[PDB]
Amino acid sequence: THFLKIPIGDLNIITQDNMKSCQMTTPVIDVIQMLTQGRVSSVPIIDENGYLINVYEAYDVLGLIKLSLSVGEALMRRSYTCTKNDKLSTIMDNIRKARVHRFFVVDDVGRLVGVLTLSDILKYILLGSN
């Protein structure tokens, strides 16, 4: 019950592997390949310096086709994140509301530092047994 108030940065649950990113100039078709090959349902979109500006989700692709155009153009006019300091309690709530499988972790300036997956939260809970 006390683990809920502990900052995720100390919960040994954030990972920095398999979080390949894309850019405003990345073709959608290329991002689809990233989603399928990487077993992920969303890819982070950052700039040249590493700042997280948004994300491209498998859902967006479904809306897109009711190809080669970049991610920027694909999101043109159509209808998330946390820091290592946030508490697991508020994060689990935001995950439920937004219904996403990955919460990207950004530093104090907005740069992508890691990712917190729903899978790792569940495993944390599973071990919560014992």
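Don't overthink the numbering: it's just position in the shown sequence, from 1.
- Coordinates are absent for 4 to 9 residues of the deposited sequence placed between residue 66 and residue 67.
- In the deposited entry, the stretch joining residue 79 to residue 80 is interrupted by 4 to 9 residues of the deposited sequence lacking coordinates.
- The PDB entry reports B-factors from which the mean C-alpha value can be compared for 68-76 and 54-62; the larger average falls on 68-76.
- For the pair 95-103 and 45-53, the mean B factor over Cα atoms is greater in 45-53.
- Sort the chain's modelled residues by C-alpha temperature factor and residue 13 lands in the lowest third, per the entry.
- The PDB entry assigns residue 118 a C-alpha temperature factor belonging to the lowest third of its chain's modelled residues.
- Residue 4: CA B factor lies in the highest third for its chain, per the PDB record.
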